[PDB]
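Take a look at the structure set out below.
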Amino acid sequence: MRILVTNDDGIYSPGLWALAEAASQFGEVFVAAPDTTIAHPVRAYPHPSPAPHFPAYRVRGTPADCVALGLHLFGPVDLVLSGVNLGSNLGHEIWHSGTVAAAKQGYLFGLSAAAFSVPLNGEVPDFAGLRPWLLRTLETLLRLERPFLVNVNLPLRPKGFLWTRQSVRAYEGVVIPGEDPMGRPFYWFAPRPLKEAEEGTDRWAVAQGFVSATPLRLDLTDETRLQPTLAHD
Amino acid sequence: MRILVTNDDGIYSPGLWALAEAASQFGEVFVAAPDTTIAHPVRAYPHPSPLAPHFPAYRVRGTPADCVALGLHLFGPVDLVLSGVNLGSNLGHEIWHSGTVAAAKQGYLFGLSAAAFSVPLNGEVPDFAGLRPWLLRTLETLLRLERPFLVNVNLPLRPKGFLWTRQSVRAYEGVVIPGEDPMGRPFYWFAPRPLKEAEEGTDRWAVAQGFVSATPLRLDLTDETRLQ
Amino acid sequence: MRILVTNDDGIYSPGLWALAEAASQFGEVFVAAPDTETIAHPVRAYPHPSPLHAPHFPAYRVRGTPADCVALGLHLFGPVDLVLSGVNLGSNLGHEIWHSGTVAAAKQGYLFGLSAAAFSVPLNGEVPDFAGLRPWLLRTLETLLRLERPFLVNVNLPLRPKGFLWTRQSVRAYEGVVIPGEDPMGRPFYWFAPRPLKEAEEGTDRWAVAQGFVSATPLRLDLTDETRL
Amino acid sequence: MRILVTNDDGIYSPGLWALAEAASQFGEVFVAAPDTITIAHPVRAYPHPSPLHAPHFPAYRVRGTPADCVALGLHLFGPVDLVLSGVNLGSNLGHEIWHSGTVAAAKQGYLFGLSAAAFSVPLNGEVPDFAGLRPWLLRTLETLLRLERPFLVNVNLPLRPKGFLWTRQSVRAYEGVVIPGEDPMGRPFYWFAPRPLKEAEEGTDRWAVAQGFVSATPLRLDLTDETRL
Amino acid sequence: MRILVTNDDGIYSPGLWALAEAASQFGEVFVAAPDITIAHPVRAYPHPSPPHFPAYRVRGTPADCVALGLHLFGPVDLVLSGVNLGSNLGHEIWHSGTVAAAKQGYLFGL
């Protein structure tokens with residue numbers, strides 16, 4: 001099988017190259033990464049892979065742009081992988097994730113897809129010690145009914161793997177006033193969750209030391225509110 | 001009832017004032033809007049509501065989410081968070097990265113009822129003197145629902161109805177066509193297009209039929225049918 | 001003559017309309033601003049209903065940068081004599097002139113061979129009154145239409161101008177102030193609060209505005225320092 | 001002498017590390033580059049281990065702008081005698097100098113007193129061979145270290161250099177070419193394709209790199225056009 | 001495409017799997033089989049299918065299985081009911097539970 005690897009941090013992110021080297025254990029691997037709805041032009045320049053040579057392209061566009069060009073230039077492609085993003089993509093963060101959107105674009109194009117992320121701020125992800133678990137994870141996804149759309153968060157030092165649901169929490173909008181060093185006022189926006197992540201959620205799983213894998217949906221409709229509204233006698 | 005009003009087009013967008021005006025008809029309106037992820041600092045300066053009655057307002061040099069948190073601290077408590085009226089649609093796959101929708105969701109995450117308002121664009125501009133009747137009718141409907149609620153609303157340019165809808169979810173084809181600019185440089189045309197037409201009952205379908213579209217949104221992106 | 005007016009705040013900026021209105025009092029205006037707020041690239045525009053009817057002039061919102069506006073403007077209303085850019089809601093003084101979008105549109109004008117002027121009014125805290133500034137804008141636009149053309153000026157008008165003043169760019173030195181801190185959550189960070197060593201000195205644009213005088217600084221394109229060459 | 005190095009492509013660009021290594025041949029090098037305003041703003045910074053195989057470099061990745069890096073670095077490392085910025089992937093010639101992030105960081109170095117330079121290399125197409133360019137960065141740095149301090153220079157190295165040259169910025173007039181066109185869907189749009197009236201002169205930075213010579217241009221901060229003042 | 005398969009004989013009928021298996025030869029299959037219009041409680045239970053198509057045993061009627069089938073598995077493009085051990089011809093069509101399930105499917109838009 002053939003795999004397209006992209007991300008949203010750039011063609012130089014070591015997480016991009018760690019994902020591609022790991023994807024290569026299961027198939028032909030091709031890379032298309034970002035430079036940084038309507039028909040637009042996209043410039044794509046061949047990029048030499050800094051490991052087993054991977055045909056790569058540097059795209060002047062969005063990650064979704066990469067997936068589309070990556071399928072054109074490298075088709076056929078059976079799977080679309082996005083990451084590994086330097087930074088988590090858990091709970092409410094899934095919504096806005098660029099990494100996730102890349103995988104979602106692949107699913108919308110009919111392929112199977114998965115986003116991979118690791119937490120930042122402090123220690124940098126050690127990709128050598130993460131290779132085993134990256135591999136294990138890929139081996140599992142590859143045993144799912146296709147196509148699939150999955151969101152993966154790997155902790156810094158994984159001890160396991162778990163299928164998770166998204167953490168969904170309420171917050172109290174904390175606004176704390178303050179003044180900068182030179183006198184100018186401002187507001188410190190810092191929302192705190194009203195409770196701890198329940199077990200079974202992606203956030204929990206990563207805090208316990210497990211690779212979290214969440215199957216995503218494309219439909220945002222709240223049918224439990226819609227259906228009753230649409231009913232008649 | 002106290003209503004916080006915001007958007008993502010800017011304190012200067014007419015869409016924003018059309019909505020605050022319409023919301024006033026149901027309660028005391030407060031406005032907080034963007035100027036143009038974790039504990040971060042944000043600035044906010046008073047702003048005179050355009051002249052229409054006066055609305056306490058603020059321009060926030062941050063995100064629509066910041067506006068919502070900043071509005072609840074500056075005019076709290078609040079009963080409802082309305083975001084829009086956005087100058088561009090927010091149907092289907094677009095809901096995902098909607099700034100307008102982002103603001104409303106923020107209010108929801110704070111225990112409040114919320115709704116985003118969008119009017120389709122890229123051609124002509126909306127007439128908010130004509131849209132007002134449909135806006136009022138829509139708010140009136142929303143306010144009868146059980147609280148809290150999270151609804152996404154799209155209004156066609158000149159509406160002739162109203163439908164509770166579901167999100168249009170469609171598959172695509174990665175149309176990539178080679179080409180060069182009249183100057184000589186090569187490039188790739190990316191033109192994604194849906195494998196089919198929007199279905200009856202979806203938001204996209206409703207709007208194309210001249211109807212206002214109202215979709216109740218879920219916060220959980222988890223696909224439970226692939227988890228169990 | 002014919003005058004193309006743009007800005008970088010967007011087609012709904014009160015400052016854009018104040019400048020077109022203030023311009024139409026010296027010629028035919030044509031607006032082309034970004035609705036969005038260097039190799040052949042697609043650019044589209046849409047007729048936009050201008051809010052000015054005294055007189056009414058053709059407008060366009062462009063899905064592109066301020067520079068795209070200038071270009072599309074010149075092809076849509078060509079030929080044009082003067083390119084105006086502003087009024088920016090915010091100042092564009094001193095080091096700010098470097099990465100200023102407002103100034104950039106005017107600059108793009110000059111390279112297309114026209115005369116150009118960026119206008120800006122300080123903000124932060126209070127909003128300008130374009131009603132009261134109209135006198136000074138007009139007086140300011142007379143002064144520029146006199147100048148040997150082509151020209152490229154950067155105008156800055158205080159909130160309440162009490163005079164004019166041809167000026168020079170303030171070129172101060174700073175010390176990089178950095179203080180450790182920690183957001184409410186206990187997280188550490190650093191405040192990077194740069195502050196100039198001395199005050200603006202007379203003749204400088206920043207000084208002019210502090211005095212209540214409209215500042216207008218002619219600009220040079222060549223950043224080359226011929227002395228050390 | 002101590003040297004601070006940064007860029008705008010990020011802490012992972014291999015150009016940041018080639019410049020840093022070339023710098024190390026002249027003194028102690030410290031790095032602060034983006035993980036990826038004038039009012040006091042918060043800036044995060046985290047220690048970042050240098051390359052696995054090469055001299056050890058004390059470095060920091062910062063969640064801020066290149067200018068922020070110059071400031072945080074000076075606070076975390078500095079005293080520093082020189083601020084280097086690059087090697088930027090892509091060039092920074094003629095008009096580009098204004099809206100260049102690379103030049104920007106250097107510029108910030110200057111405003112702080114310290115001497116500084118920016119290095120850029122033409123990209124798009126074939127990537128640069130930093131091992132083949134090392135001899136030229138070393139050659140270039142030797143020359144800049146002779147100039148009287150403080151100084152501020154912009155350097156562009158072609159892919160395969162064959163000389164050096166002290167240039168002046170390549171200024172040129174452009175024409176707003178606007179070809180009408182349509183995409184596949186059938187949608188209409190305007191192709192804005194800016195094009196210079198005449199090839200860059202000589203002794204200009206753009207001209208040199210075209211011949212194959214490294215270019216270095218000393219820069220000014222003052223944008224005022226005195227002759228009209 | 002995706003397919004929902006049920007019957008009115010129960011989850012152990014060979015007919016049901018002989019149908020699910022033939023159904024999988026054209027798309028993703030999901031099986032929901034048995035154990036009024038007013039709102040009634042329905043329980044389904046994860047059931048191991050004997051290829052491998054996800055399945056459920058539903059403590060409910062066949063209709064219930066199509067309803068539940070879609071909510072726990074759906075969306076879906078087609079409903080299949082059977083194979084029923086026993087014919088459903090002529091006058092018999094009127095009261096067939098096998099046909100009633102496909103009917104519940106059509107009335108649902110599939």
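Ligands are numbered from 1 in the order shown, residues from 1 within each chain, and chains are lettered A, B, ... in the order they appear in the structure tokens.
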
For this session: Name the residues of region 17-209 of chain B that come out as strand (DSSP E) in a backbone DSSP run; write them as an MDAnalysis selection string.
Result: chainID B and resid 28:34 40:42 44:46 57:60 80:87 113:119 150:154 162:164 172:173 176:180 186:190 193:194

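Residues in contact with residue 76 (chain B) at 10 Å, where only C-alpha atoms are counted and same-chain residues fewer than 6 positions away are skipped, are listed as residues 2, 3, 4, 30, 69 and 70 of chain B.
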
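The spacing separating CA of residue 106 (chain E) from CA of residue 6 (chain E) amounts to 14.0 Å.
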
For this session: Select all residues from chain A having any atom no more than 9 Å from an atom of chain C (counting only C-alpha atoms, ignoring ligands), output as a list in words.
Result: residues 40, 41, 176, 180, 181, 182, 188 and 190 of chain A

For this session: Give the alpha helix (DSSP H) residues of region 20-91 of chain E, as assigned by DSSP on the backbone, as a list in words.
Result: residues 20, 21, 22, 23, 62, 63, 64, 65, 66, 67, 68, 69, 70, 71 and 72 of chain E

May I have a table of the residues of chain B lying at most 8 Å from chain A, giving each one's closest pair of atoms and their distance in Å to one decimal, counting only C-alpha atoms, ordered by chain and ascending residue number, as CSV?
```
residue,atom,partner,partner_atom,distance
B:38,CA,A:190,CA,6.4
B:39,CA,A:190,CA,4.5
B:40,CA,A:188,CA,5.8
B:41,CA,A:188,CA,4.5
B:42,CA,A:187,CA,5.1
B:43,CA,A:186,CA,4.8
B:44,CA,A:186,CA,7.1
B:66,CA,A:189,CA,7.0
B:69,CA,A:173,CA,5.6
B:70,CA,A:175,CA,7.0
B:72,CA,A:173,CA,7.7
B:73,CA,A:175,CA,6.4
B:96,CA,A:95,CA,6.4
B:97,CA,A:96,CA,6.3
B:109,CA,A:170,CA,5.0
B:110,CA,A:171,CA,5.3
B:111,CA,A:170,CA,6.9
B:164,CA,A:230,CA,7.1
B:165,CA,A:226,CA,7.2
B:166,CA,A:221,CA,5.6
B:167,CA,A:221,CA,5.6
B:168,CA,A:219,CA,8.0
B:169,CA,A:219,CA,6.5
B:170,CA,A:108,CA,7.5
B:171,CA,A:108,CA,5.1
B:172,CA,A:109,CA,5.2
B:173,CA,A:109,CA,5.7
B:174,CA,A:68,CA,5.3
B:175,CA,A:68,CA,7.6
B:176,CA,A:72,CA,6.4
B:186,CA,A:43,CA,7.6
B:187,CA,A:43,CA,4.9
B:188,CA,A:42,CA,4.9
B:189,CA,A:41,CA,4.5
B:190,CA,A:39,CA,5.4
B:191,CA,A:39,CA,4.1
B:192,CA,A:37,CA,7.0
B:215,CA,A:221,CA,6.7
B:216,CA,A:222,CA,5.4
B:217,CA,A:221,CA,4.8
B:218,CA,A:222,CA,4.6
B:219,CA,A:168,CA,7.1
B:220,CA,A:168,CA,6.4
B:221,CA,A:217,CA,5.6
B:222,CA,A:216,CA,4.9
B:223,CA,A:217,CA,4.6
B:224,CA,A:165,CA,7.5
B:226,CA,A:215,CA,6.3
B:227,CA,A:163,CA,6.6
```

For this session: Could you please tell me, as a ChimeraX atom specification, which residues of chain D have an atom within 7 Å of chain C when using only C-alpha atoms?
Result: /D:38-44,71,75,98-99,111-112,166,168-169,171,173-176,178,189-194,217-225,228

Report the closest atom pair, with its distance in Å rounded to one decimal, for each residue of chain C that has an atom no farther than 8 Å from chain B; count only C-alpha atoms, sort by chain and then rising residue number, and write it as JSON lines.
```
{"residue": "C:9", "atom": "CA", "partner": "B:36", "partner_atom": "CA", "distance": 7.5}
{"residue": "C:12", "atom": "CA", "partner": "B:12", "partner_atom": "CA", "distance": 6.0}
{"residue": "C:13", "atom": "CA", "partner": "B:12", "partner_atom": "CA", "distance": 6.7}
{"residue": "C:37", "atom": "CA", "partner": "B:36", "partner_atom": "CA", "distance": 6.8}
{"residue": "C:40", "atom": "CA", "partner": "B:181", "partner_atom": "CA", "distance": 6.8}
{"residue": "C:46", "atom": "CA", "partner": "B:123", "partner_atom": "CA", "distance": 6.5}
{"residue": "C:48", "atom": "CA", "partner": "B:124", "partner_atom": "CA", "distance": 8.0}
{"residue": "C:124", "atom": "CA", "partner": "B:45", "partner_atom": "CA", "distance": 7.2}
{"residue": "C:125", "atom": "CA", "partner": "B:45", "partner_atom": "CA", "distance": 5.4}
{"residue": "C:126", "atom": "CA", "partner": "B:46", "partner_atom": "CA", "distance": 7.5}
{"residue": "C:127", "atom": "CA", "partner": "B:47", "partner_atom": "CA", "distance": 7.3}
{"residue": "C:183", "atom": "CA", "partner": "B:39", "partner_atom": "CA", "distance": 6.5}
{"residue": "C:184", "atom": "CA", "partner": "B:39", "partner_atom": "CA", "distance": 7.4}
{"residue": "C:185", "atom": "CA", "partner": "B:39", "partner_atom": "CA", "distance": 7.2}
```

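In this model, the gap between CA of residue 28 (chain E) and CA of residue 1 (chain E) comes to 6.4 Å.
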
For this session: Write out as a ChimeraX atom specification which residues come within 7 Å of residue 1 (chain B) when counting only C-alpha atoms, dropping same-chain ones fewer than 3 positions away.
Result: /B:27-28,79

Exercise. So which residues touch residue 76 (chain E) within 7 Å, counting only C-alpha atoms, skipping near sequence neighbours fewer than 2 positions away, as a ChimeraX atom specification?
Worked result: /E:2-4,70,74,78

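The space between CA of residue 106 (chain C) and CA of residue 8 (chain D) spans 26.5 Å.
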
For this session: Write out as a PyMOL selection string every residue belonging to chain D that has an atom at most 8 Å from any atom of chain A, counting only C-alpha atoms.
Result: chain D and resi 12-13+36+40-41+46-48+124-125+127+183-185

Could you give me, as JSON lines, every chain E residue with an atom at most 10 Å from chain B, plus its closest atom pair and distance in Å to one decimal, counting only C-alpha atoms, rows ordered by chain then number?
```
{"residue": "E:46", "atom": "CA", "partner": "B:228", "partner_atom": "CA", "distance": 8.7}
{"residue": "E:71", "atom": "CA", "partner": "B:225", "partner_atom": "CA", "distance": 8.7}
{"residue": "E:72", "atom": "CA", "partner": "B:225", "partner_atom": "CA", "distance": 5.8}
{"residue": "E:73", "atom": "CA", "partner": "B:225", "partner_atom": "CA", "distance": 5.7}
{"residue": "E:74", "atom": "CA", "partner": "B:225", "partner_atom": "CA", "distance": 8.3}
```

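Considering only C-alpha atoms, the residue among B:211, B:178, B:199, B:34 positioned nearest to chain D is B:178.
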
Problem set entry | Distance query residue 143 (chain D) at most 12 Å, only C-alpha atoms, self and fewer than 2 positions along chain excluded, as a list in words | residues 117, 136, 137, 138, 139, 140, 141, 145, 146, 147, 148, 153, 155, 164, 165, 166, 214, 215 and 216 of chain D

Limited to C-alpha atoms, could you put the picked residues into a file as a short mmCIF file (atom, residue, chain, number, x, y, z; two decimals), in the first residue's frame?
```cif
data_model
loop_
_atom_site.label_atom_id
_atom_site.label_comp_id
_atom_site.auth_asym_id
_atom_site.auth_seq_id
_atom_site.Cartn_x
_atom_site.Cartn_y
_atom_site.Cartn_z
CA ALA D 117 23.78 41.17 9.84
CA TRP D 136 31.43 31.74 1.78
CA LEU D 137 29.65 32.43 5.05
CA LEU D 138 33.07 32.23 6.67
CA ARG D 139 34.43 34.49 3.91
CA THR D 140 31.51 36.92 4.37
CA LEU D 141 31.73 37.01 8.14
CA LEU D 145 34.08 41.73 11.21
CA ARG D 146 36.40 44.35 9.70
CA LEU D 147 33.73 47.05 9.40
CA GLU D 148 33.60 49.57 12.20
CA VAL D 153 24.23 44.66 6.57
CA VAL D 155 23.63 39.60 2.67
CA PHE D 164 31.67 38.70 -3.40
CA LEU D 165 30.47 42.31 -3.88
CA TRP D 166 29.36 45.29 -1.82
CA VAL D 214 27.52 37.21 -2.96
CA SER D 215 25.91 40.56 -2.23
CA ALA D 216 26.11 42.64 0.93
#
```
